[PDB]
Amino acid sequence: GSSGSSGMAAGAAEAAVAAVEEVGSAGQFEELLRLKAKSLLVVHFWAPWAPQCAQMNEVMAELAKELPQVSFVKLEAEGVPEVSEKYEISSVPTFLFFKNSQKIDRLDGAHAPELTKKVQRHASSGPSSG
């Protein structure tokens with residue numbers, strides 16, 4: 001109960017990844033929400049049956065690269081019925097824009113262009129604004 005920071009210590013780094021994260025549990029998602037609160041989180045619902053999720057998945061990969069300040073996470077609707085229940089997500093494809101641990105936007109249906117639009121729109125918030 002007595003210390004003197006005397007400034008600030010140095011021992012932390014940060015990297016940049018443009019890959020789609022795989023969410024297979026509510027904990028991971030509910031947890032990330034906070035972490036990726038400042039940034040733009042994109043929760044896409046992919047299914048091992050729905051063909052639409054096929055192309056919708058490939059498109060994401062690219063985006064993630066274009067927008068390094070964005071977070072693309074894909075969750076299994078049937079894989080994790082815990083989260084799907086809460087939001088009652090019983091349809092795919094389905095994207096959920098979570099900002100600051102609070103849903104602000106949502107895209108229903110397999111839309112290649114419609115998606116990018118929303119992604120960029122929100123993605124804006126952050127560095128190099130514009």
# chains A, B, ... in the order shown; residues from 1 in each chain; ligands from 1

call {"tool": "closest_atom_pairs", "arguments": {"of": "region 81-100 of chain A", "to": "region 48-52 of chain A", "cutoff": "10 Å", "atoms": "only C-alpha atoms", "output": "CSV"}}
result
residue,atom,partner,partner_atom,distance
A:91,CA,A:50,CA,9.7
A:92,CA,A:50,CA,7.3
A:93,CA,A:52,CA,6.6

call {"tool": "select_by_dssp", "arguments": {"residues": "chain A", "states": "alpha helix (DSSP H)", "output": "PyMOL selection string"}}
result
chain A and resi 26-35+52-66+81-87+112-123

call {"tool": "closest_atom_pairs", "arguments": {"of": "region 34-95 of chain A", "to": "region 116-120 of chain A", "cutoff": "12 Å", "atoms": "only C-alpha atoms", "output": "tab-separated table"}}
result
residue	atom	partner	partner_atom	distance
A:39	CA	A:119	CA	11.7
A:40	CA	A:119	CA	8.4
A:41	CA	A:119	CA	9.4
A:42	CA	A:119	CA	8.0
A:43	CA	A:119	CA	11.2
A:44	CA	A:119	CA	11.7
A:56	CA	A:116	CA	10.7
A:59	CA	A:116	CA	8.9
A:60	CA	A:116	CA	8.8
A:61	CA	A:116	CA	11.8
A:62	CA	A:116	CA	10.4
A:63	CA	A:116	CA	7.5
A:64	CA	A:119	CA	9.9
A:66	CA	A:120	CA	9.6
A:67	CA	A:120	CA	8.0
A:68	CA	A:120	CA	11.4
A:69	CA	A:120	CA	10.5
A:70	CA	A:119	CA	8.5
A:71	CA	A:119	CA	10.1
A:72	CA	A:119	CA	9.9
A:95	CA	A:119	CA	9.9

call {"tool": "closest_residue", "arguments": {"among": "A:37, A:73, A:16, A:112", "to": "residue 125 (chain A)", "atoms": "only C-alpha atoms"}}
result
A:37

call {"tool": "atom_distance", "arguments": {"atom1": "CA of residue 87 (chain A)", "atom2": "CA of residue 20 (chain A)"}}
result
21.0 Å

call {"tool": "select_by_dssp", "arguments": {"residues": "chain A", "states": "strand (DSSP E)", "output": "NGL selection string"}}
result
:A and (21-23 or 40-46 or 70-76 or 94-98 or 103-108)
